[PDB]
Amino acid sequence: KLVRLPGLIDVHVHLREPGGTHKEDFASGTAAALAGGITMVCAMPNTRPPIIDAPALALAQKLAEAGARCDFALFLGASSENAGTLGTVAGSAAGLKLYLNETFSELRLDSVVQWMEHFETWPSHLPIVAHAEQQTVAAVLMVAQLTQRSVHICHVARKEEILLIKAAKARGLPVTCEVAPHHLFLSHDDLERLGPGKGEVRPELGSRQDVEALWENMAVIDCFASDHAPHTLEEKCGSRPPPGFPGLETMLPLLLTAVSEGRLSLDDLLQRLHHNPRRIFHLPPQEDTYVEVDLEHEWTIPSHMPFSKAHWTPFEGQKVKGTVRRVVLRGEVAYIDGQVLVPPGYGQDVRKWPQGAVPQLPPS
């Protein structure tokens, strides 16, 4: 007996195209998404070139329209030069991404004043998300309050961070957050097995106490999002390992295992992988779209999942219970039992759909 889920949404993926296509491309990364029960992804802007201006966004849009197998929206990235220049294209993006800690030069912001300038100039009705670790969470929350708007905190990984966000929510501040599966299912304890190269990720893996705190504070977590960050094994095991884990193909099986164990409910999962992503990012429904999962099937995560070009996974050896059996995307069978059945280019930019535009008040 299969369970029917709505089309799940991952608001934080790195698909590497343009410029990093040996790591992943739109076609491979969206195959990975479909195999993970994900029918819509929001792609981060730290590509080569980075998506920090209109011409780069135009290029990325065409590459995505040609290569994506599931639907998508593309983030713009904040830079030290582009505040006040993105107004004409802002509404066509998923949102604006700020990289506020070490950054996998072009996206480096060297001053909180630059953060303020982005918060002041980016249209008020459109999303802003931040890579903001530890005290940086408090700092960006202060900027959001000074500019009287909301912010979404990416990949929360620490007890410190989730408790700060909890305190902010208790004061009625408009902040939301997401947590990635590696910060719920891996910890420092796993670094011996992973080794120092594979284990590199930002935010870094937390202590057992960090992991426990995220679970205890599930009510504070608005979304799950993979931070799918593919790099090849050669890169991860080489002399300067880049940070990041692939995660699209493993996220849902890990979380379904947790549901089966009673660690959270099926509804808790669907709020965090469907309803809250929709409402925070103003993402439209996908007609005739659903995912069928098998909750009884037990399996062990192998050394690499079938689709991501990363060709490795930090979850290797973990036992899971839960499998994606079939995905239907806009009336077509997109995935069945390991076979992707929609071609590159089937996916569409949801921000171009009438229902995918973010509502705003009219010029004065």
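Residue indices: 1-based, along the sequence shown.
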query	finding
Across other compared entries, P354 missing in at least a third	no
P344 left out of the model in a third or more of other PDB entries	no
Per the entry, higher mean C-alpha B factor between 33-41 and 302-310	302-310
Segment of higher mean CA temperature factor, 153-161 or 208-216	208-216
Modelled-residue ranking by C-alpha temperature factor, third containing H182	lowest
Position of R16 among the chain's modelled residues by C-alpha B-factor, lowest, middle or highest third	middle
B-factor third for the C-alpha atom of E120 within its chain	middle
Where the record places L5 (Cα B-factor, split into thirds across the chain)	middle
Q271 CA temperature factor, ranked by third within the chain	lowest
